[PDB]
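Listed next as structure tokens is one chain, alone, in the form deposited in one PDB entry.
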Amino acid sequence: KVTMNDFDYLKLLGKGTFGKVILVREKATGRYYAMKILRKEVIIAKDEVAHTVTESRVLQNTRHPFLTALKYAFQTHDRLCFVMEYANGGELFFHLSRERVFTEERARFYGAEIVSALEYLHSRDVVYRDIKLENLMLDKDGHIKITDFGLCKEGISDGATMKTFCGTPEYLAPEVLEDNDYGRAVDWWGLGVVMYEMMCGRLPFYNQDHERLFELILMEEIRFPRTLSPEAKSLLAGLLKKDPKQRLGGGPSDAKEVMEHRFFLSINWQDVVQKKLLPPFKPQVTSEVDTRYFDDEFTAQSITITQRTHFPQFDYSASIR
């Protein structure tokens, strides 16, 4: 059984209200990983056990170049630990915040890798439900790594539906802001928002009041910069179609609609998945412990330490299963 003191703890990469994520060195190999450490007490109190269990179980079987690979999943008496591959390039949120906007070409490169990963997940009857800039990360080479599978749902094929009101406010598809159930098209809306941000340099809809924000998502027309290309406008219009049945990717072919769209005219999708494409930006990391593409807000912080209490789908190892 794997435990806490099997790792060195180096720097805080991100912090949440459930727990924290830390850069660690595996003592027995000397290799570097990211570790997400959640507190069981907070999870149980929020009744978010199924979701946290889902996150591990989905990671235990998924394999794709643009999904973060899980090395270990273990637990202590009061903590849950995910140990995954360290994305040296940091969050896409960090980069877009620093650069303000990406070119259509650069956005096309990232979008193609997100689409490839979404096709894969949807083919496995998995709906990701939380596509956003914070959950898209770059590895050392500059390829996309989707992270955070805490709001995944399984067993969702064709027009299967879901009932949990969850996601991230600013990224919620309009149908999720209605009563009753919604389908897997919400992921393609999610893509739409990140595509929109990458090319237009802001969220398509925003207000710090959620009541105001949810009204915008349901009621407001998206606007485009004039200089944006027609196929860029067409893609964003299609992905951000308020009606999921008319939305690009919302049909029975799922990812094929998005893949065949004219915005991706110059993309070979087999080249994408095989990593034959060259990242436009390459992280300039000078060592394994280099955390330049993470925020000082987190990395400057020092690292303190704040019966059958067992979670029944954890204790995983990539070497064993």
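Don't overthink the numbering: it's just position in the shown sequence, from 1. For clarity, a rigid core is taken as the largest C-alpha set superposing within 1.5 Å between two forms.
This protein has a second form, the form deposited in another entry, left out of what is shown; the following refers to that one.
Fix the rigid core, compare C-alpha positions between the shown form and the other one, and report which of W269, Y33, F264, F281 shifts by 2 Å or more. Single residue meeting the criterion: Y33.
Using a rigid core alignment, state whether the CA of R106 is displaced by 2 Å or more between the shown form and the other one. Shift at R106: below 2 Å after core fit.
Per-residue C-alpha change between the shown form and the other one, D209, threshold 2 Å, rigid core fit: Yes, the C-alpha moves 2 Å or more.
So with the core overlaid, does the Cα of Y72 end up 2 Å or more away between the shown form and the other one? It does not reach a 2 Å shift.
In the other form, whether the C-alpha atoms of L228 and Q208 sit closer or farther than here (change of 3 Å or more): Pair moves closer in the other form.
How does the C-alpha distance between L12 and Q284 change in the other form compared with the present structure, closer or farther, given a change of 3 angstroms or more? More distant in the other form, by 3 Å or more.
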